[PDB]
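Descriptive structure summary
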Amino acid sequence: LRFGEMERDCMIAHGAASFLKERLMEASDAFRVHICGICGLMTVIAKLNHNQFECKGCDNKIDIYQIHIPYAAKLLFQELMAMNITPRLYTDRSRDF
Amino acid sequence: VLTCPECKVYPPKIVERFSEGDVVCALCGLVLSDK
Amino acid sequence: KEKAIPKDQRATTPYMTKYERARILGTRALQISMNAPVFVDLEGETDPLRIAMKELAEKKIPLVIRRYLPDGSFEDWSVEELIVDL
Amino acid sequence: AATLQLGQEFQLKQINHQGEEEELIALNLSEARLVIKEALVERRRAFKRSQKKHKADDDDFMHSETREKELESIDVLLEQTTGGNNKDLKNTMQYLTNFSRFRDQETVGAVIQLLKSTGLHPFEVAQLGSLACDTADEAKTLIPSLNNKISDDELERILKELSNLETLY
Amino acid sequence: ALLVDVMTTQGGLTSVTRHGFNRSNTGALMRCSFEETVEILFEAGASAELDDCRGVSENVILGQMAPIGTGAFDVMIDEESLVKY
Amino acid sequence: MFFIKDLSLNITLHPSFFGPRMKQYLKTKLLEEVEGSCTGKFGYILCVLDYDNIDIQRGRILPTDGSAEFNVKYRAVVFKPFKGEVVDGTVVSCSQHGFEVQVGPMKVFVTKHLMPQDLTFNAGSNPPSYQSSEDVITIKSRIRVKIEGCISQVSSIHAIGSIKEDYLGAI
Amino acid sequence: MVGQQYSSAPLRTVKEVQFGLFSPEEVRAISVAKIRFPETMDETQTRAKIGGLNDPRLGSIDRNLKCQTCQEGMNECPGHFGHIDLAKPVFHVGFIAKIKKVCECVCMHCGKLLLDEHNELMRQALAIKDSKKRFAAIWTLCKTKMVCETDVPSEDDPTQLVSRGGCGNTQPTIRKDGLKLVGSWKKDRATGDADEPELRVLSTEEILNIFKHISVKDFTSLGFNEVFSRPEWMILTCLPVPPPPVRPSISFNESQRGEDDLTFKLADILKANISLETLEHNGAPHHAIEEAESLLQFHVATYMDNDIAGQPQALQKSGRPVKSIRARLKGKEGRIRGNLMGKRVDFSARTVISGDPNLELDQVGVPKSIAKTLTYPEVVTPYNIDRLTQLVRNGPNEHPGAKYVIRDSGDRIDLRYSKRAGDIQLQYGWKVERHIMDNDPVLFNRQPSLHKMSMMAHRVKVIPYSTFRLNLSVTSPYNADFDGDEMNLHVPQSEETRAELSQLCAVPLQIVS
Amino acid sequence: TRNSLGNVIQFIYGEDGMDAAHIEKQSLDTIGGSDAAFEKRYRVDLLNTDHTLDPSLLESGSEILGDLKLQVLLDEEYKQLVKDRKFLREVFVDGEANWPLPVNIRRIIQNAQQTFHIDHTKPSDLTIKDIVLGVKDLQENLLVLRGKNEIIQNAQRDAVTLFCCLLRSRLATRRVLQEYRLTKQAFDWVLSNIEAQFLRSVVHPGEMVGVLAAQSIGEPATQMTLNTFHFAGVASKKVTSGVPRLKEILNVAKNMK
């Protein structure tokens, strides 16, 4: 069933962030993505059986992060990147590097 | 190839639950693949 | 640790909001339902939410609320020292 | 580290939890083995004290007659302090014990004093404490950092003195 | 009063349209949320715009917990009272 | 190579351990998880100093599952080599392509192209070894290897070294 | 607990999203397969052609084979990017206006700004921090200087002329015709020639060369960035190819694969590119080269945006327009407003309402079957293991009962097939997915949700028949009657969520609006 | 009240920091009425026969008459009431008295009269000192902002000005002793209840007031369409109002109809 924009606004009015987050991600589409810690992109190749993590472009095998995001957000980022635009996800504590 | 890691029976017996988006072993009831 | 405000210079309300109350009750109910020790004399109750309310009644929840000021600093208030309306 | 390329993670200047710059600390096989043995026996003593709180023999472990008795004491220490879940620690400790150039603390202190009296790099000092070289040129070739930095006579004197300092087993 | 104060806070009359609010300084995803998506994305890319991910829309796109009511604070454990028991 | 470094870790404590003895559980978790591990950023985690002086930070209950996360800082002795490093070690296995040398907790391999031709492989010897005019290298023989490269994975670091130049082999 | 796998990379949360632009170097480095052929699948019609559009190194969407690059199933492979090399640079359909505006503001020969620090107006423009207004003012000021000045009067003395190194040539006037950028040189009247502006179509490679010559101070002044947003990158040289996840193939049967529109457009792009390349090396006349370049530009432009003003629309073989990338995102049903702000959900129901005067104010009657379908993950503890054991023994065909049992390790046992309704022994920390039982909080609403009081919490009571039940006093906040209205029910799945529904959104707390 | 970037939209929500559901319509009695009625209602004089307290009302009515400190206190109170009348007439130039405010003081006083079975036929044991000092202290114990520099003090007094005006209007000495006939116990109960009910009306930090305001404004806009064309019932009054007028206000159109 459609949990539209009006419903989201009503839930924001009430002030219940946890219900919103659970409805949005855990109940519809949750996805786990490995991102590079230098270029902040989703180009990291991960072999989970051998836990081999590699970033080909930046020659990175250490700074690699796990992020929980929806699947439509991943699709949007890929479609943005297919037109020569770079949505570069960054982490809170990545300013040290 | 998709086999139950507890029954260890070949060939594996498997039933797909489409209305729940699951793949279920028909002997131990274990759920193999979801969505 | 520069952000933390000394206890004497705390300028926030000494009452606890409804949002803080709901968050605290939810956290305590989850922890109780995950087999955490209970700090009060349980009497015939089998619902984690009701035991959470019971612990709140005697002011025995060992949690601290951190309140974020807009600049980035924060203010720490123990659940024991927060006045809850009834 | 042929060209002393230690990187950011292993810089000569280290920033500790107190925020003050410190010289980078490098230990050879003997120093590291003694430090880990001391830490393990201290932890065992703390565990025994805690157990006594809830409810003599330790002098024989540090003083070992032979290499085999030392290895047996090491196995007992790992059983009573580590739990046997860490095989890499056992392998490292065995490698330290089998190829420890120096067993006594005083002799290790003598080696440290001899190597660091000249003020060489900690990497070179630890390498010299780990490696026993017959000739100065052998060490200079096997330690490219020592080239152009130490006179051959001084290196020969240090190597001969270290070889003399080795305790016979 | 709140609506009127919002409409006249930038020193002038800012209409409630794309020209008034979607040309503001707010976050890129927030502004692209309604009625001028692709052009705003193009402009943000060309100008190398930095988004801060603090508004509601940016925390709804990324599937996280927005600082909204119950999410405006952090819950932490007090060791002193726990030990005292 | 042995060095002293400052390390930190985030440890999650389950809600069922929420009692007056939480510090003991945190210490046990730290000792059981950290000691003996390997991190490509800092090499193998050999030992942790000043166990009684463990630094702790206030908990921050995660909003999704109730497990309390803690940040623990400490000082540790770790082992990590560098490019061009020369280390003594012990021969583990002998092969026609070269040999493998254990140094500390790591393995450095040398290919037959990386030693001078004077060292010839003898298979009839027990065990098979490398024999030359002056130096003979076999099991339990102290051998110096100049490490040339290292490959770092989650749980281990492999190395490749060369002994092609002089003053290398048996000591 | 997403992914059904374990990884040692730490969990973190997104804080910033720094936009920018690819350099061709980045497109080359990132890519793992240089696409080369206009075909997807081999001549055996059983496997994809290597180096084609469906190269296995990019990934697979099917549930049997795994990706060659990462050796993971379709439920874990994100997808990897290819790239295509272009014979000659092509304009990007989304920056034609900015390219022209920044072209008119820079000398066409010396590659420098028409003004400098000497003018006061330049000081005023460089005093502004807002990049958009700064660029607009600089454009509207410098669009009218058709000649570069070699010498400028000094600020201290207007009679003293200082040379700024200008070339002194004459800049054209630029107009746009379709996808072409045509310039006209107005020769000076003192030259003796007529005032006829010679017209010429500007070549993209020349404009690229001019842009590559701009400096860092002009980078900042114009409103671009050195690292992320150089202007030279606004002209395409290599085109990234999205993985098959972005363009999934729908397979009716084993040999029946209907491909997406995006892959057809990409195949046409590559076909035109190879045609232009084979005409380029064959010594063809200049007219054919120009026509082929125009065709390539048309295909690349209509691949991203298919609603360009003043041009025909690229149509499909059946006559329908090709759905470009922009039409995927711009609509009301597009990604932003149809899959990221609102989306379909699980653990929900929808049914007509009715009136019940015997129910309390904040209590809702839930039909039996709807209670048998939705669940709740209760955790086994010392206080509930007896009732939970009896519930598991009951099974899934009886209310109350259970439907699944989750272990500590994440494995989930379907109680229906596993005969072990009377066999499974429960431990501490396992989860029973039980039916919804009396006095469970739910969220309940009616559309459209105009105000706060149209989405409220309730306590369940399990009843027969197929309707929902409400007290006759809550029908005013909902603006609902009982002649056919249907409302929606959402079930929380945790303790924190249940506490939020019980302490914030309850009907008793919503009386004084 | 701020936004995602941190820009302040209001320095206090609503200019008094009150929740929108703790506010009821109450009448300020000082604004309206002629000067004679005001003087008779609120003025008390212990030296002039015209405006004395009847001794049958106050238990100590006999001894208090002729005192000096008491009349000074009453004079300060009357000066405060006069200044309040001037200010309130400055604010509402229309002279209207009913405005929304927190706490229903009338119901609190009625509850005090009903609970304690107060009999109006007997003298009351109150003291003028006690009444005046109690009202002033209760004003001293009303808090919305808890800063310490002078800026926050000024902001808080500005916030609580009008409520203090109403509170002074209802709890005047003559009104207490002659209209309510409260005792000491009932007076203490009323003061405590007033303070308690005020302290629970402040707005809770974390509330999303923007969406609340937007929903409040735009819900009646949906129903506004029906009755927009009532001005369509007057042909000579062809003036834009209703949906098109709101549209033009929102668009900030430069060419009105």
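Residues numbered from 1 in each chain as written, not as in the entry; some residues may be left out. Chains lettered and ligands numbered in written order. Part of a larger assembly, values for the part shown. Heavy atoms only, no water.

Determination of this PDB entry was carried out by cryo-EM to a resolution of 3.3 Å, according to the record.

This brings us to the pairing of strand 18 (residues 441-445) of chain G. All names here are of chain G. Burial runs high along strand 18: 5 of the 5 residues are buried. Here strand 18 shows no split at all, with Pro 441, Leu 443 and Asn 445 on one side and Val 442 and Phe 444 on the other all buried. Sheet analysis places strand 18 next to strand 19 (residues 455-462), joined by 5 bridges and oriented antiparallel. Residue pairing for strand 19: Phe 444 is matched across the bridge by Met 456. (Buried < 20%, exposed > 50% of the residue type's maximum accessible area, 1.4 Å probe, protein only. Helix = DSSP H or I, 4+ residues; strand = E, 2+ residues; numbered from the N terminus. Pairing = 2+ DSSP bridges.)

A few words now on the sheet that holds strand 6 (residues 88-91) of chain A. Taken in spatial order, the 3 strands make up an open sheet running 6(A)-1(G)-1(E), and their pairing is antiparallel. Each having just a single partner strand, strand 6 of chain A together with strand 1 (50-51) of chain E make up the two edges of the open sheet. In this sheet, strand 1 (residues 14-18) of chain G lies alongside strand 1 of chain E in antiparallel orientation, the contact comprising 2 bridges. Along strand 1 of chain G, the bridge assignment pairs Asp51(E) with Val17(G).

Between chain A and chain G, the residue contacts involve 65 residues of the former and 84 residues of the latter. When the two sides are added together, the surface that chain A and chain G hide from each other amounts to roughly 7,200 Å², 59% of it contributed by carbon and sulfur. Considering only the side of chain A, the residues that lose the most area to chain G are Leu1(A), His14(A) and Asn84(A), jointly responsible for 11% of the buried surface there. At the boundary of chain A and chain G, one finds 5 salt bridges. Among the salt bridges present, the one from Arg32(A) reaches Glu76(G), with a minimum N-O distance of 2.3 Å. Going through the elements one at a time, strand 1 (2-3), helix 1 (5-14), helix 2 (17-26), strand 2 (31-36), strand 3 (45-47), strand 5 (64-69), helix 3 (71-81) and strand 6 of chain A are the ones with two or more residues in the side of chain A that touches chain G. By residue number, the principal contributor to the side of chain A that touches chain G is helix 3 of chain A, which donates 10 residues. One ladder, built from 2 bridges, connects strand 1 of chain A with strand 11 (residues 343-344) of chain G; its direction is antiparallel. Looking at the pairing, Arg2(A) lines up with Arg344(G) of strand 11 of chain G. (Contact = heavy atoms within 4.5 Å. Buried area = accessible area lost by both parts, 1.4 Å probe. Salt bridge = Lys/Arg side-chain N within 4 Å of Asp/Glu carboxyl O.)

The next thing to look at is the UniProt feature "binding site: Zn(2+)" in chain B. Mapped onto this structure's residue numbering, the UniProt feature "binding site: Zn(2+)" falls at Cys4(B), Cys7(B), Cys25(B) and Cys28(B). These annotated residues cover 25 residues of sequence, and their C-alpha atoms lie no more than 8.9 Å from one another, placing them together at a single site. Inspection of the secondary structure puts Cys4(B) in the segment before strand 1 (14-17). Look at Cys4(B) and you get buried, because its relative accessible area is 10%. Every residue in contact with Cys4(B), bar those within four places of it in the chain, is listed here: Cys25(B), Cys28(B), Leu30(B) and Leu32(B). Structurally, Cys28(B) can be placed in the loop between strand 2 (22-25) and strand 3 (31-34). Non-local contacts of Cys28(B), meaning those with residues more than four positions away in its chain, are made with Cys4(B), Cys7(B), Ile413(G) and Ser418(G). (UniProt positions renumbered as here; feature names shortened; annotations may be inferred.)

Residue and element names in this part refer to chain H. Given a rise of 1.5 Å per residue, 15 residues ought to cover 21 Å, and the 22 Å separating the end C-alpha atoms of helix 9 (residues 209-223) matches this to within 8%. Every buried residue of helix 9 is listed here: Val 209, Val 211 and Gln 215. Viewed along the axis of helix 9, the buried residues span an arc of 160 degrees, placing them on a single side of the element. (Expected span 1.5 Å × (residues − 1). Arc of directions from axis to C-beta.)

Attention shifts here to the packing of helix 5 (residues 128-140) of chain H against helix 6 (residues 150-170) of chain H. A packed helix pair is summarised by two numbers, namely the angle formed by the two axes and the spacing between the axes. Residues and elements named next belong to chain H. In contact at an axis separation of 11 Å, helix 5 and helix 6 are set at 160 degrees when each is read in the N-to-C sense. Considering the angle they form, helix 5 stands roughly antiparallel to helix 6. The element helix 5 and its partner helix 6 pack so that their crossing is right-handed. Side by side, helix 5 and helix 6 meet where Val 135, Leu 138 and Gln 139 of the first sit next to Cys 164, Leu 167 and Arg 168 of the second. When grouped by side-chain class, the residues that make up the contact of helix 5 with helix 6 number 4 nonpolar, 1 polar and 1 charged. (Axes fitted to C-alpha atoms, helices over the stretch in contact; angles between N-to-C directions. Parallel < 35°, antiparallel > 145°, perpendicular 65-115°, else oblique. Left-handed = near helix turned anticlockwise from the far one by under 90°. Nonpolar A, V, L, I, M, F, W, Y, C, P; charged D, E, K, R; others polar.)

Counting contacts across all 16 pairs of chains that touch, the top-ranked interface belongs to chains A and G. The two partners chain D and chain H share no contact, and the minimum distance between any of their C-alpha atoms is 34 Å. No part of chain F reaches chain H; the closest C-alpha pair between them is 17 Å apart.

This paragraph deals with helix 4 (residues 105-115) of chain H. An α-helical segment advances 3.6 residues per turn. Residues three or four places apart therefore align on the same side. Residue and element names in this part refer to chain H. Buried within helix 4 are the following residues: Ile 105, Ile 108, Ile 109 and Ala 112. Axial view of helix 4: buried residues confined to an arc of 95 degrees, hence all on one face. Relative to its buried face, helix 4 has exposed residues pointing more than 90 degrees away, namely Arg 106 and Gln 114. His 117 sits one or two residues past helix 4 and shows a positive phi near 50 degrees.

The subject of this paragraph is a nonpolar patch on the surface. Residues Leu3(E), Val16(E) and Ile217(H) make up a contiguous nonpolar surface patch of about 230 Å² in total accessible area. Positionally, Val16(E) belongs in the loop between helix 1 (2-7) and helix 2 (18-21). (Patch = residues over 30% accessible without salt bridge, like charges linked within 9 Å, V, L, I, M, F, W, Y side chains within 5 Å. Areas by Shrake-Rupley, 256 points an atom, 1.4 Å probe, with all protein chains shown as cover.)

So, on to a positive patch on the surface. Together, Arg18(E), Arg23(E), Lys101(G), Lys132(G), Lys133(G) and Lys143(G) give the surface a local cluster of positive charge. In this structure, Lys132(G) sits in helix 4 (residues 131-142). You can call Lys132(G) exposed: its relative accessible area is 54%. (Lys, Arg positive; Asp, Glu negative; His and termini not counted. Charge placed at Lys NZ, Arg CZ, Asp CG, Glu CD.)

Residues and elements named next belong to chain H. Examined against the element boundaries, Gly 147 turns out to sit in the loop between helix 5 and helix 6. According to the relative accessible area criterion, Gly 147 is partly exposed, its value standing at 30%. For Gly 147 and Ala 21, which are 126 residues apart along the polypeptide, the C-alpha to C-alpha distance reads 26 Å. Leave out the neighbours within four places in its chain, and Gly 147 touches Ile 152 and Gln 153.

A complete count under the given rule lists 0 disulfides over all chains for this structure. In this structure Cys7(B) is not part of a disulfide, and its nearest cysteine sulfur, from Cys28(B), lies 3.5 Å away. Left unpaired, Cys105(G) is separated from the closest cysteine sulfur, that of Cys142(G), by 5.9 Å. (Disulfide = S-S within 2.5 Å.)

Here the structure, examined in full by the defined rule, presents 64 salt bridges over all chains. Its salt-bridge partner being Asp260(G), residue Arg328(G) comes within 3.3 Å of it at the nearest N-O pair. With a gap of 68 residues between them, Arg328(G) in helix 9 (residues 326-329) and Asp260(G) in the loop between strand 10 (256-258) and helix 7 (261-280) connect regions that are remote in the sequence. By relative accessible area, which is 16% here, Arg328(G) ends up buried. Through salt bridges that share partners, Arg33(D), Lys37(D), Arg67(D), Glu70(D) and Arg103(D) make up one connected network.

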